[PDB]
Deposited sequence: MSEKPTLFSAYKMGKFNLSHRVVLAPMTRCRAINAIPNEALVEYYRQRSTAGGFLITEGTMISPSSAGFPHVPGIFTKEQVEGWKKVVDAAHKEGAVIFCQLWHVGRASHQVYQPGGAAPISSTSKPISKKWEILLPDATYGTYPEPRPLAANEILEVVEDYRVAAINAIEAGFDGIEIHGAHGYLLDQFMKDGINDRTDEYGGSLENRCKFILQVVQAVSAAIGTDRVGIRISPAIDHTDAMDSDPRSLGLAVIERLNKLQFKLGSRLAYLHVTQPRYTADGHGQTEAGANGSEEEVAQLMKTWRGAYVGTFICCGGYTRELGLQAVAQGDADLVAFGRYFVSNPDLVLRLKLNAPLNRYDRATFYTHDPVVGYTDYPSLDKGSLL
């Protein structure tokens, strides 16, 4: 029976264990160019047969909603990524690039020519939420501009190009970021999408954009090199759906149908879940969310990655009970470069410092968290 530390065939790829580096924005790619800091960060976290998912990576200039996040839409960016990917591969890692467009979760200071961010809607994120600005202050999310149909197709093309560029950089595949209230989620969630055209209304219409993206990148680089991340039950930055269960199942039904039509499976479905503890890890002393995650996994035909507040014990149980094939860890991987070894040994985990999640130093709070002492053989 599978355990968290068992080998796994993720279609094309052989993994040696089920512990995954969750995608995490860290803002060390100064002026959007992957650099020596990113090389060392991913190298430190690489293991033989371990799966890595990168930080969200811009597909276009309008994709930006954080400072110093990498892109993969220029040759210069691709050349920077090659060095990261080569180092991870030297350690035996498998690595996917997460393709990211923030949509309305942006600010004029991040947009070319100071243009309004783009979205499904003209409705801004409410003032309940604020955005980190490049000068280390927090600002107000502005009114976005609703995309026309032809402009949505332009963004689909941006995803296609980014996927091709990822393969040129040597990535094993890409992950479509369709979670956390960003552009594709702004179309999926009925709390945001108030369109009256073919991209609004029904679940079919609301899932249209993300399915067009999946279809385009699958054609470009192959189904087996494409993963997809969603979060139907996370309502971060005013991104709520009235029926998360049905939304998740609607995406899944369409992924299943596409796989059947094309004749092959996607690399995986990746779902991130909310937690209800004070620190956002583990479970309290909702079963609703747990049931939802198992329902979605049961419905999806293929590899399922779970993420969000997983602990060593909950990760062990998720794989042992068949709730997930792979378990991704975010915050613990920030502070534990050798997280896989620590989980295998049930060693203590380094505390993580939220204050340097999104700062820009190549060392401080980024690559200077220690591994366990390996000694000298």
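Asker: Go through the deposited sequence from residue 1 and tell me which stretches lack C-alpha coordinates, in order.
Answerer: Missing C-alpha atoms (numbering from 1) occur across the ranges 1-3, 289-294, 387.
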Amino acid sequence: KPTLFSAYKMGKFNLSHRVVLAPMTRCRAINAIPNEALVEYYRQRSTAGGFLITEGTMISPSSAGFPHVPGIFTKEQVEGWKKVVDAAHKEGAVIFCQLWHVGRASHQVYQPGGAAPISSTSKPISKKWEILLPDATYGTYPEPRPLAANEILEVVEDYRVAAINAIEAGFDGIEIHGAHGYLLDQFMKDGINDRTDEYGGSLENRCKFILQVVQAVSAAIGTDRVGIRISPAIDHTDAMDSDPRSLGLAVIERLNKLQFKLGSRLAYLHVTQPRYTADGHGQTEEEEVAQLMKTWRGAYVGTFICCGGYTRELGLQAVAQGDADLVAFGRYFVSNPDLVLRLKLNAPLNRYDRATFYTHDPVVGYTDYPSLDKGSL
From here on, numbers count along this sequence of modelled residues.
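Asker: If you average the CA temperature factors over each stretch, which comes out higher, 296-304 or 237-245?
Answerer: Taking the mean C-alpha B-factor of 296-304 and of 237-245, the larger value falls to 237-245.
Asker: So 79-87 or 102-110, which one's hotter by mean CA B-factor in the entry?
Answerer: Of 102-110 and 79-87, the stretch with the higher C-alpha B-factor average is 102-110.
Asker: Looking at the C-alpha B-factor values in the deposited entry, which of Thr277, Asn256, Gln186, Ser231 comes out highest?
Answerer: Highest CA B-factor of the listed options: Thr277.
Asker: Looking at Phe96, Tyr138, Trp129, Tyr182, which one carries the largest C-alpha B-factor according to the PDB entry?
Answerer: Largest recorded C-alpha B-factor: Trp129.
Asker: Could you look up the Cα B-factor of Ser16 in the entry and say which third of the chain it sits in: lowest, middle or highest?
Answerer: Tercile = middle for this residue's CA B-factor.
Asker: Ranking every modelled residue in this chain by its Cα temperature factor as given in the entry, which third contains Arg206?
Answerer: Answer is highest: the recorded C-alpha B-factor places it there.
Asker: Once the chain's modelled residues are ordered by C-alpha B factor and cut into thirds, is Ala320 in the lowest, middle or highest one?
Answerer: Top third by C-alpha B-factor.
Asker: How does the C-alpha B factor of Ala115 compare with the rest of the chain: lowest, middle or highest third?
Answerer: Highest third, going by the recorded CA B-factors of the chain.
Asker: Can you work out whether the C-alpha temperature factor of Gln212 puts it in the lowest, middle or highest third of the chain?
Answerer: It belongs to the middle third of the chain when residues are ordered by C-alpha B-factor.
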